[PDB]
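Chains as they are written, first to last, in the deposited numbering: chain E, 1 to 61, 63 to 121; chain A, 445 to 474, 489 to 493; chain D, 1 to 104. All C-beta atoms, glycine included, are put in the ideal place defined by N, C-alpha and C. Written below as structure tokens is the structure these notes are about.
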Amino acid sequence: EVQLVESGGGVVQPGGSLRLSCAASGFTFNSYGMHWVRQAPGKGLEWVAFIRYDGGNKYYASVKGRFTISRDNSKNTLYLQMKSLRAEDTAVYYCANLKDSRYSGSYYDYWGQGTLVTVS
Amino acid sequence: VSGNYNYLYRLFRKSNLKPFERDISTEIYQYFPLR
Amino acid sequence: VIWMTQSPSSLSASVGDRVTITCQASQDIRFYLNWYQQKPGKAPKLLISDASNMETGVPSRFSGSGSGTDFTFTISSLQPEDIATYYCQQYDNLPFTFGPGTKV
């Protein structure tokens, strides 16, 4: 079965940093692009970042200049490095493979469970 | 004399074209894209 | 950046009623819209891709259509299991965006 497992959440102070990771299994992780999406309590879904299958091109949302997206295809692991975290960044962070006929080409839609990050 | 309205051009698009690219879509661009 | 909006933001309906949700894009995104359904405590589930294509396993009571800027999501007959927040998402260009979300 296909799984995406987020970890590395927790509580940090404003101006601090936190590195999140998502372990992938059950599918050809290294052939797909990957997305990060976050959702704060009381709000809707917010797209954060996207990285291509080869770890080459990177795209960012509100977070550009602070967050960095990367991956290691030998470990099937997706990373998100968040620096200069603000109170506004409190959210549940999901890793996902979003069905996309234009850019990633993914024909299947997968989501993790999400990890909570609190800034205070 | 009455005006030839058969010829059209694109005025609105979200991005610029690539060499020898063609775009004939008529979805209204943030306006009807052709005039 | 393409801005997405949905209407109504919240609707009241009973079981057996017909439910329609409107999604509107600030820019023409042709037929590259996804529809998601999210239940409390769970990750979003994809129901419709490319504006009108149904995902495998999705009940026939769900449907949708539209192109350009104006898209519609429909439930032909609301079930007790269809109480969720519905989102539309565009993937015509990066960055990708989700709508405000509609509460059923």
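- Query: Which one of D:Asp-92, D:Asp-17, D:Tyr-36 has the shortest CA to CA distance from D:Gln-6?
  - Reply: Looking at D:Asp-92, D:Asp-17, D:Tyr-36, the one whose alpha-carbon comes closest to that of D:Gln-6 is D:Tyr-36.
- Taking the beta strand (DSSP E) that D:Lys-45 falls in, what are its first and last residues? Looking at the DSSP string, the run of the beta strand (DSSP E) that includes D:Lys-45 is 45–49.
- Task: Going by DSSP, name the residue or residues bridged to E:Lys-58.
- Result: Paired residue(s): E:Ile-51.
- Quick one: which chain A residues come within Cβ less than 7 Å of D:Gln-89? Neighbours of D:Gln-89 on chain A: none; closest Cβ ~17 Å, over 7 Å.
- Task: Check each candidate in E:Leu-4, E:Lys-84, E:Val-2, E:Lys-76 and name the one with the smallest Cα separation from E:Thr-69.
- Result: That would be E:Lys-84, whose Cα lies nearest to the Cα of E:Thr-69.
- Message: Could you give the first and the last residue of the continuous beta strand (DSSP E) run that contains E:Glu-6?
- Response: DSSP places E:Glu-6 in the uninterrupted beta strand (DSSP E) bounded by 3–7.
- Query: Mind pulling the chain A residues with CB within less than 9 Å of D:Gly-68?
  - Reply: Residues of chain A passing the Cβ test: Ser-469, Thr-470, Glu-471, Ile-472.
- Task: Check each residue of the segment 20–33 of chain D: if its Cβ is closer than 7 Å to any Cβ of chain A, include it; give the result in chain order.
- Result: Correct list: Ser-26, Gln-27, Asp-28, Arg-30.
- Message: Would A:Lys-458 pass as an interface residue toward chain D - the criterion being a Cβ-Cβ separation below 7 Å?
- Response: Interface residue (Cβ-Cβ distance to chain D less than 7 Å): A:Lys-458 is classified as such.
- Message: For the beta strand (DSSP E) containing E:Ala-92, name the first residue and the last one.
- Response: Segment 92–98, the beta strand (DSSP E) holding E:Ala-92.
- Could you check what DSSP says for E:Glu-46 in three-state terms: helix, strand or coil? In this structure, E:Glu-46 counts as strand in the three-state DSSP scheme.
- Item | Closer than 7 Å to chain E by CB, D:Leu-11 | With 7 Å as the cut-off, D:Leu-11 does not count as an interface residue toward chain E.
- Query: Which residue spans inside the segment 71–102 of chain D form an unbroken alpha helix (DSSP H) run of at least 4?
  - Reply: Those alpha helix (DSSP H) runs which fall completely within the segment 71–102 of chain D and span 4+ residues do not exist here.
- Assign E:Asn-98 to buried or exposed, taking buried as 16 or more other Cβ atoms, counted over all protein chains shown, within 10 Å of its Cβ. Looking at its Cβ environment, which holds 16 or more other Cβ atoms inside 10 Å, E:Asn-98 is buried.
- Message: Rounded to whole angstroms, what is the Cα-Cα separation between E:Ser-71 and E:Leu-81?
- Response: Roughly 6 Å between the two C-alpha positions.
- Query: Smallest Cα separation from residue 62 of chain E: which of E:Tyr-109, E:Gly-33, E:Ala-92?
  - Reply: Missing from the coordinates: residue 62 of chain E, inside the break in chain E from 61 to 63.
- Query: How about the segment 64–83 of chain D and the segment 23–35 of chain D: do they share at least three Cβ pairs that are nearer than 8 Å?
  - Reply: Because the criterion of three Cβ pairs below 8 Å is met, the segment 64–83 of chain D and the segment 23–35 of chain D touch.
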